[PDB]
Structure formats: structure tokens, C-alpha cells
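One structure below.
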Amino acid sequence: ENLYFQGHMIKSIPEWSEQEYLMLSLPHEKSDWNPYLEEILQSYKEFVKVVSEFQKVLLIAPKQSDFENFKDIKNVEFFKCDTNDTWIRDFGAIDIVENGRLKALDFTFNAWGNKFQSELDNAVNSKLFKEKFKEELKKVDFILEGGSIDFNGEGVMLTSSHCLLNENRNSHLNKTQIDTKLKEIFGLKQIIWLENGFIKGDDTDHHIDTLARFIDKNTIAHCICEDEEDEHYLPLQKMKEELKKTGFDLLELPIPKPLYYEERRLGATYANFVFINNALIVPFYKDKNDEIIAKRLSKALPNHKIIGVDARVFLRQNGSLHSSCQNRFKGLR
Ligand SMILES: N=C(N)NCCCCN
Ligand SMILES: [K+]
């Protein structure tokens with residue numbers, strides 16, 4: 001579809017497209033990771049080692065000493081920059097194809113409705129693209145997190161109404177204004193707006209990357225709850241019914257049985273996985289459903305190695321694997 005609008009033809013890139021880097025922001029002394037900084041860093045080591053076997057990894061941290069934990073890992077690069085937190089999925093630049101070339105977008109990030117400090121995270125993209133990539137960066141005057149949106153690459157996007165229409169985000173516009181703006185920015189034909197569904201512990205106002213994800217052009221993998229007494233049951237059932245009306249094939253990702261840290265339910269979701277070259281890295285929570293979701297996804301993705309990575313520690317700060325990384329795609333810049 002050769003559509004041009006105000007000088008540009010735009011294509012949205014799905015996660016399974018070929019990538020150059022996976023980018024992460026390390027936990028450090030002055031982040032909210034402090035009370036268990038070593039447990040989370042041990043988990044990062046595993047995550048990084050697994051990804052590095054398939055494609056390059058870029059680690060962003062505010063001190064040289066933060067990199068010394070990862071020094072002897074193949075295909076790992078380092079970049080010095082100050083950070084508030086580690087959730088680069090939400091503040092990291094987002095690639096699109098603009099007139100046949102890769103171009104990165106730099107949306108404004110306010111930490112999910114100014115729930116935490118966000119001034120340093122906001123400036124990571126400017127500095128990274130100025131010092132490392134030495135590459136122009138498109139400023140977009142619009143509050144958006146990458147975790148709140150999901151693409152199939154044929155011009156269809158997936159998102160949640162509760163997040164994007166929240167008064168703590170872009171309150172000054174309405175649904176029609178927002179739906180229009182995002183279609184122009186990513187050159188989309190369609191946006192699917194999910195009214196129902198959440199994961200308990202999620203402090204991001206119902207990010208789509210905890211609920212439903214495209215795994216190929218035709219297939220959406222989405223969360224459900226097998227336990228009818230769990231608060232997740234009918235919210236995810238209603239969400240499942242919305243998803244049936246889209247016409248896409250569906251793959252079910254049953255949530256684990258409740259996990260707690262300091263008498264607080266953790267937001268475990270198998271939807272927070274990440275595509276890299278030739279592999280899909282999936283979060284494992286040491287529930288019996290780890291095996292079940294791994295077999296399902298693996299059978300549905302015969303060109304990928306599906307790899308489980310222990311993601312329990314990530315949940316203490318209310319995100320998982322996908323939340324903790326950002327994809328930078330391979331192509332002409
Ligand atoms: N990546 C997300 N969607 N959320 C991360 C939780 C942020 C709370 N410190
Ligand atoms: K930004």
C-alpha cells in the first residue's frame with residue numbers, strides 16, 4: 001500500500017523483523033532496584049547472555065562500574081548515560097520505516113502519569129542518538145510508552161483504552177483525536193482498542209504488553225485466567241471475547257497461580273515476551289504454566305527457538321522482560 005501523507009510513506013515494524021540491537025537500561029544503586037540490586041542484576045546477566053547468542057546487546061548505565069558485571073559476554077556493547085529507571089520499553093526510541101529508510105521516533109515519557117521521576121529517562125534517546133548512533137532523531141510532541149502499543153506489520157496496531165485514554169496521559173485530546181494521530185504517525189489502517197483486561201500489580205494503567213501480543217501477522221497471543229475465583233477471570237474473559245471479534249487467530253497464555261512478595265501480588269504475565277533474531281525469549285515464573293505456554297508458542301512459531309528466562313525478580317518493580325528492553329531494527333538508515 002503506497003500511501004503518502006504530508007511528504008512521507010510510513011510502515012510500522014513488527015518485533016519479529018530483523019534486528020541490529022536489543023537495548024537495556026541496567027539497574028543501579030540510585031534506582032528503585034536498590035533493596036535487591038544483586039538479585040535483579042543476576043537475572044539481567046542471564047537475560048543478556050541468552051540474547052547475546054542471537055544478536056548484539058546494548059547496555060545503558062550511569063557508571064562504568066555497572067558494566068563490569070557483564071564484561072566477558074560476546075556481542076555486548078556499553079553506553080554511559082544517566083537514568084531514573086530500567087524500563088526502556090517505555091522511554092526508548094521506536095523505529096518506523098519512513099520513505100524506505102529506518103527512522104527512530106522520540107516520544108515524551110512522563111513515567112506513567114508522573115508516578116515516578118522521568119527527566120533523565122526522557123533524555124536518554126537524545127544523548128544516545130547524538131553520541132553513539134550519530135543519527136537524526138524525530139521528536140514527537142506526544143506522551144507515549146512503547147509498552148502500550150503492539151504491531152502486526154500490515155498496518156494494524158493493538159492497544160488498551162484504559163492506558164491511552166487515561167487523564168494522566170494525553171488528557172487534552174479525545175479518542176478520535178488520538179486514534180487519528182497514531183494512525184498518521186505509524187501509517188496504520190486499523191487500531192484495535194481493548195476495553196477490558198488487566199494484570200494485578202501492573203502500575204502502568206493496563207499496558208497492552210501485559211495482555212495481548214501479535215506473534216505473526218495473523219495470530220494474537222493473549223492472557224486468560226483458569227481460576228474462576230481469581231479477580232482476573234471475567235476481565236480477561238471479556239477481553240477474550242473482544243479479541244474473537246477481530247478475526248485474528250488466538251493463542252492462550254494462562255496466567256500463573258498468584259505469587260507474592262511482601263504480601264503483595266506480583267503482576268506475572270506471559271505476554272511480556274520479546275522477539276529477537278531467530279528466538280522468542282519468554283518470561284518464566286516457575287509455575288507449571290511455563291512449560292505449557294512455551295510449548296504452545298513454540299509450536300506456533302516453527303522458525304524460532306523459544307527460550308524460557310526466569311523473570312520473577314523483575315515483577316517486584318511491576319514489569320517483566322519485554323518491559324526491560326527495546327528493539328532496534330536492521331536496515332538502511
Ligand atoms: N514496563 C511497564 N509497563 N511498567 C513498569 C513498572 C514501573 C514501576 N516502577
Ligand atoms: K523521550
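Residues are referred to by chain and number: the chain letter is A, B, ... according to the order shown in the C-alpha cells, the number counts from 1 in that chain, and ligands are numbered separately from 1 in the order shown.
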Within 12 Å of region 148-169 of chain A: each region 240-308 of chain A residue with its shortest pair, only C-alpha atoms, as CSV:
```
residue,atom,partner,partner_atom,distance
A:242,CA,A:160,CA,11.5
A:243,CA,A:158,CA,10.3
A:246,CA,A:158,CA,10.6
A:248,CA,A:152,CA,10.8
A:271,CA,A:150,CA,11.3
A:272,CA,A:150,CA,11.3
A:274,CA,A:150,CA,11.6
```
Cut-off 12 Å, only C-alpha atoms and all ligand atoms, neighbours of ligand 2 as a ChimeraX atom specification: /A:83,88-94,104-111,118-129,137-146
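Residue nearest residue 252 (chain A) within the list A:192, A:179, A:114, A:294: A:294 [criterion: smallest interatomic distance, only C-alpha atoms].
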Can you pull out every residue from region 159-305 of chain A that DSSP, working from the backbone, puts in alpha helix (DSSP H), and format the result as a PyMOL selection string? chain A and resi 161-164+175-186+233-244+289-300
Go ahead and save the picked residues with C-alpha atoms, as a compact mmCIF listing (two decimals), in the first residue's frame.
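And here is the file that came out, out-v3.txt:
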```
# COMPACT_ATOMS: atom_id res chain seq x y z
CA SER A 161 -8.25 2.06 26.13
CA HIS A 162 -7.64 2.36 29.89
CA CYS A 163 -3.99 3.35 29.30
CA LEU A 164 -4.06 5.76 26.34
CA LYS A 175 -10.23 9.01 21.45
CA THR A 176 -10.88 10.15 17.87
CA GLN A 177 -8.05 12.70 18.04
CA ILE A 178 -5.65 10.08 19.49
CA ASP A 179 -6.74 7.27 17.16
CA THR A 180 -6.19 9.63 14.21
CA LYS A 181 -2.79 10.88 15.41
CA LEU A 182 -1.34 7.38 15.93
CA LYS A 183 -2.59 6.15 12.54
CA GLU A 184 -0.78 9.11 10.94
CA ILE A 185 2.41 8.51 12.95
CA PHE A 186 2.68 4.77 12.19
CA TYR A 233 -11.26 -14.28 35.45
CA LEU A 234 -14.06 -12.21 33.88
CA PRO A 235 -11.88 -9.20 32.98
CA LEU A 236 -9.76 -11.49 30.77
CA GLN A 237 -12.85 -13.42 29.59
CA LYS A 238 -14.44 -10.19 28.35
CA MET A 239 -11.09 -9.30 26.74
CA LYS A 240 -11.05 -12.74 25.07
CA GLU A 241 -14.50 -12.01 23.63
CA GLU A 242 -13.30 -8.65 22.22
CA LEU A 243 -10.36 -10.49 20.63
CA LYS A 244 -12.67 -13.02 18.97
CA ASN A 289 2.29 -22.85 33.01
CA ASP A 290 5.88 -22.01 31.99
CA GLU A 291 6.05 -25.31 30.12
CA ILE A 292 2.52 -25.00 28.73
CA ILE A 293 2.97 -21.52 27.22
CA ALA A 294 6.46 -22.45 25.93
CA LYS A 295 5.11 -25.50 24.06
CA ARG A 296 2.15 -23.55 22.60
CA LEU A 297 4.22 -20.61 21.39
CA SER A 298 6.99 -22.89 20.13
CA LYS A 299 4.57 -24.98 18.06
CA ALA A 300 3.02 -21.78 16.69
```
All residues having an atom within 7 Å of ligand 1 (only C-alpha atoms and all ligand atoms) as an MDAnalysis selection string: chainID A and resid 87 89:90 147 202:204 207 317:320 323:324
Hey, can you spit out that residue selection with N, CA and C atoms as a PDB file, in the first residue's frame?
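Okay, again17.pdb is ready:
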```pdb
ATOM      1  N   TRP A  87      13.190   0.659  32.704  1.00  0.00           N
ATOM      2  CA  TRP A  87      12.111   0.219  31.820  1.00  0.00           C
ATOM      3  C   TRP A  87      12.184   0.927  30.467  1.00  0.00           C
ATOM      4  N   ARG A  89      11.630  -0.132  27.462  1.00  0.00           N
ATOM      5  CA  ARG A  89      10.497  -0.370  26.570  1.00  0.00           C
ATOM      6  C   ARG A  89       9.598   0.862  26.460  1.00  0.00           C
ATOM      7  N   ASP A  90       9.475   1.605  27.557  1.00  0.00           N
ATOM      8  CA  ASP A  90       8.528   2.708  27.655  1.00  0.00           C
ATOM      9  C   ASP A  90       9.118   4.083  27.328  1.00  0.00           C
ATOM     10  N   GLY A 147       5.568   0.155  25.438  1.00  0.00           N
ATOM     11  CA  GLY A 147       4.852  -0.985  26.001  1.00  0.00           C
ATOM     12  C   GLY A 147       3.339  -0.929  25.852  1.00  0.00           C
ATOM     13  N   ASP A 202       0.343  -4.453  37.992  1.00  0.00           N
ATOM     14  CA  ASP A 202       0.671  -3.526  36.917  1.00  0.00           C
ATOM     15  C   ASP A 202       0.301  -2.103  37.336  1.00  0.00           C
ATOM     16  N   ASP A 203       1.306  -1.235  37.411  1.00  0.00           N
ATOM     17  CA  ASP A 203       1.111   0.156  37.826  1.00  0.00           C
ATOM     18  C   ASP A 203       1.197   1.121  36.641  1.00  0.00           C
ATOM     19  N   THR A 204       0.969   0.600  35.442  1.00  0.00           N
ATOM     20  CA  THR A 204       1.166   1.356  34.212  1.00  0.00           C
ATOM     21  C   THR A 204      -0.168   1.702  33.544  1.00  0.00           C
ATOM     22  N   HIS A 207      -1.096  -1.671  30.363  1.00  0.00           N
ATOM     23  CA  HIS A 207      -0.302  -1.778  29.132  1.00  0.00           C
ATOM     24  C   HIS A 207      -0.641  -3.017  28.330  1.00  0.00           C
ATOM     25  N   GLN A 317       9.249  -4.684  40.710  1.00  0.00           N
ATOM     26  CA  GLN A 317       9.028  -3.322  40.244  1.00  0.00           C
ATOM     27  C   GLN A 317       8.008  -3.284  39.096  1.00  0.00           C
ATOM     28  N   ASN A 318       7.133  -4.292  39.060  1.00  0.00           N
ATOM     29  CA  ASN A 318       5.903  -4.302  38.248  1.00  0.00           C
ATOM     30  C   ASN A 318       6.040  -4.368  36.716  1.00  0.00           C
ATOM     31  N   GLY A 319       7.186  -4.837  36.235  1.00  0.00           N
ATOM     32  CA  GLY A 319       7.375  -5.113  34.807  1.00  0.00           C
ATOM     33  C   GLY A 319       7.989  -6.486  34.607  1.00  0.00           C
ATOM     34  N   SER A 320       8.183  -6.875  33.351  1.00  0.00           N
ATOM     35  CA  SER A 320       8.844  -8.136  33.031  1.00  0.00           C
ATOM     36  C   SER A 320       9.832  -7.942  31.873  1.00  0.00           C
ATOM     37  N   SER A 323       9.108  -5.305  28.939  1.00  0.00           N
ATOM     38  CA  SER A 323       9.243  -4.013  29.610  1.00  0.00           C
ATOM     39  C   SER A 323      10.695  -3.540  29.790  1.00  0.00           C
ATOM     40  N   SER A 324      11.611  -4.483  29.990  1.00  0.00           N
ATOM     41  CA  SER A 324      13.004  -4.167  30.292  1.00  0.00           C
ATOM     42  C   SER A 324      13.916  -4.110  29.068  1.00  0.00           C
TER      43      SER A 324
END
```
Between CA of residue 306 (chain A) and CA of residue 222 (chain A) - distance in Å to one decimal: 16.8 Å
Can you tell me which residues surround residue 100 (chain A) at a distance of at most 10 Å, considering only C-alpha atoms, apart from same-chain residues fewer than 5 positions away, and format the answer as an mmCIF file with C-alpha atoms, in the first residue's frame?
```cif
data_model
loop_
_atom_site.group_PDB
_atom_site.id
_atom_site.type_symbol
_atom_site.label_atom_id
_atom_site.label_comp_id
_atom_site.auth_asym_id
_atom_site.auth_seq_id
_atom_site.Cartn_x
_atom_site.Cartn_y
_atom_site.Cartn_z
ATOM 1 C CA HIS A 8 6.047 10.577 3.903
ATOM 2 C CA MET A 9 5.075 6.938 3.471
ATOM 3 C CA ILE A 10 5.193 5.201 6.868
ATOM 4 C CA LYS A 11 5.421 1.490 7.729
ATOM 5 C CA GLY A 331 18.237 -1.853 7.728
ATOM 6 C CA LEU A 332 19.035 1.320 5.820
ATOM 7 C CA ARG A 333 19.304 4.493 7.914
#
```
Skipping near chain neighbours, those fewer than 3 positions away, what residues fall within 9 Å of residue 27 (chain A) using only C-alpha atoms, listed as JSON, numbers by chain? {"A": [30, 31, 32, 33, 34, 37, 40, 41, 44, 61, 66, 85, 86]}
Any idea what the distance is between CA of residue 225 (chain A) and CA of residue 249 (chain A)?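 Result for CA of residue 225 (chain A) versus CA of residue 249 (chain A): 18.7 Å, one decimal.
For the pair CA of residue 266 (chain A) and CA of residue 311 (chain A), the separation is 11.2 Å.
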Tell me, as an NGL selection string, which residues lie within 10 Å of residue 79 (chain A), counting only C-alpha atoms; anything in the same chain fewer than 4 positions away does not count. :A and (25 or 58-64 or 67 or 127-128 or 131-132)
Excluding residue 284 (chain A) and any residue of its chain fewer than 4 positions from it, enumerate the residues within 8 Å of it, using only C-alpha atoms, and give them as a ChimeraX atom specification. /A:270,290,308-312
Shell of 9 Å around residue 221 (chain A), only C-alpha atoms, local chain residues under 2 positions omitted, as a PyMOL selection string: chain A and resi 211-215+219+223+249-253+271+297
Return the single residue from A:75, A:174, A:278, A:326 that is closest to residue 17 (chain A), with distances computed using only C-alpha atoms.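 Nearest candidate to residue 17 (chain A) out of A:75, A:174, A:278, A:326: A:278.
Assigned to strand (DSSP E) in region 67-113 of chain A, given DSSP computed from backbone atoms, are residues 76, 77, 78, 79, 80, 94, 95, 96, 97, 98, 101, 102, 103, 104, 105, 106, 107 and 108 of chain A.
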